[PDB]
Q: 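Dumping the structure here so I can ask a few things about it.
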Amino acid sequence: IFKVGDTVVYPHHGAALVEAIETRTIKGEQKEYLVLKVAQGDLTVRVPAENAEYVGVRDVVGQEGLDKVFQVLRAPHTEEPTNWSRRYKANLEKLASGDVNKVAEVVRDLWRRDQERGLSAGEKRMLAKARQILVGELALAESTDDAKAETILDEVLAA
DNA sequence: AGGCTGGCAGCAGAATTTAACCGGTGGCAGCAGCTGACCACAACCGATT
């Protein structure tokens, strides 16, 4: 499926350019690896081509995905558990899934709650992580000028 | 049939992994609103030599 030069999305790290395809040997068989150059912390990720779907690597979403995530990002009736730990584990396991809709849900919930009160060290760190990978995936989805994409996200969040 | 005493050997002391809400209360700290006494410059007196 994957080709050299494709821009795929890794689950917990956001965008990833597939820059080469290695052919390393483990247990005497040439399981080909693909190397991904993510840029969040400048790490090179190597995965087999077989377990790409098992680890859940995923192509970027289309314009139906864009209107779907904007539709879910502008939606009310988002009642949350009042317990701080329950809420934290809930949106952490939403963030770790790798779905654009779930990441947009986490950034809209924490954005409205930060606009309300301003939460915490851990939740501001989580909102920064989630919003930066959502901005990176959006800029990958439309080739649309990083930090101007941030202004786009701020505008569609503030509405 | 057992037992309690002799060297005997070993040991101790002394010297030179992760965080966050929520309630509620006492202390702080600053500031008009009186002060209520303090301070003072100046002027006005009470006999008295």
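Within every chain, numbering begins at 1; the chains are lettered A, B, ... in the order of the sequence lines, protein sequences first and strands thereafter. Side chains are part of it too, since the values below use all heavy atoms of this structure and drop only hydrogens, waters and symmetry mates.
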Q: So, the side chain of A/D6 versus the backbone of A/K3: is there a donor-acceptor pair under 3.5 Å, distance only?
A: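 Side chain of A/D6 to backbone of A/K3: a pair is present.
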Q: State, without any angle test, whether A/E150 and A/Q132 hold a side-chain donor-acceptor pair at a distance under 3.5 Å.
A: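 A/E150 vs A/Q132: no donor-acceptor pair found between side chains.
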Q: Does B/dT17 have its sugar in the north or the south range once you look at the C1'-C2'-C3'-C4' torsion?
A: south
Q: Side chains of A/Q30 and A/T23 only: does a donor on one sit below 3.5 Å from an acceptor on the other?
A: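 No.
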Q: B/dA19 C1' sits how many Å from A/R87 CZ, rounded?
A: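 Distance, rounded to whole Å: 14 Å.
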Q: A/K124 NZ to B/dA19 P: how many Å, rounded?
A: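 A/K124 atom NZ is separated from B/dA19 atom P by 16 Å.
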Q: Rounded to whole Å, please give me the gap between NZ in A/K89 and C1' in B/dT18.
A: 8 Å
Q: Can you check the A/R86 CZ to B/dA20 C1' distance for me, whole Å?
A: 15 Å
Q: Take atom NZ of A/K68 as the centre, draw a 6.0 Å sphere, and report whether it contains more than 12 heavy atoms from other residues, nucleotides or ligands.
A: no
Q: Sticking with atom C1', work out how far B/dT35 lies from B/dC31, rounded to a whole angstrom.
A: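 Going atom to atom, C1' in each nucleotide, I get 15 Å.
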Q: Apply the syn/anti split at 90° from 0 to B/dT17 and say which one it is.
A: syn
Q: Taking C-beta and beyond as the side chain, do A/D154 and A/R131 meet within less than 4.5 Å on heavy atoms?
A: yes
Q: If a pair means Watson-Crick or G-U wobble with both distances below 3.5 Å, what does DNA chain B look like in dot-bracket form, with | marking bases paired to a different strand?
A: .................................................
Q: Can you tell me if B/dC34 puckers north or south, using the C1'-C2'-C3'-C4' torsion sign?
A: north
Q: Taking the six-membered ring of A/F70 as reference, does the NZ or CZ atom of A/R74 fall below 6.0 Å from its centre and within a 45° cone about the axis?
A: yes
Q: Run the numbers on A/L134 and A/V100 for side-chain contact (heavy atoms from CB on, under 4.5 Å), then give the verdict.
A: CA-CA 7 Å; A/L134 187 57; A/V100 192; 3.8 Å; yes
Q: Output one line per pair: protein atom, nucleotide atom from nucleotides 21-23 of chain B, and distance, for all N/O pairs under 3.5 Å.
A:
unit_1: B/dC21; atom_1: OP1; unit_2: A/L119; atom_2: O; d: 3.0

Q: Just how far, in rounded Å, is P of B/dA19 from CZ of A/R125?
A: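 Whole-Å distance recorded here is 7 Å.
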Q: Give the rounded distance in Å between these two atoms: CG of A/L110 and P of B/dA20.
A: 13 Å
Q: For A/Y33, is the NZ or CZ atom of A/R24 found under 6.0 angstrom from the centre of its six-membered ring and inside 45 degrees of the ring axis?
A: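 Cation-pi check for A/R24 and A/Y33: passes.
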Q: Going strictly by the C1'-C2'-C3'-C4' torsion (positive north, negative south), how would you label B/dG6?
A: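 Sugar pucker of B/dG6 - north, given that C1'-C2'-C3'-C4' is above zero.
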Q: Is there a continuous path of hydrophobic side-chain contacts, each under 4.5 Å between heavy atoms, that joins A/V9 to A/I133?
A: no
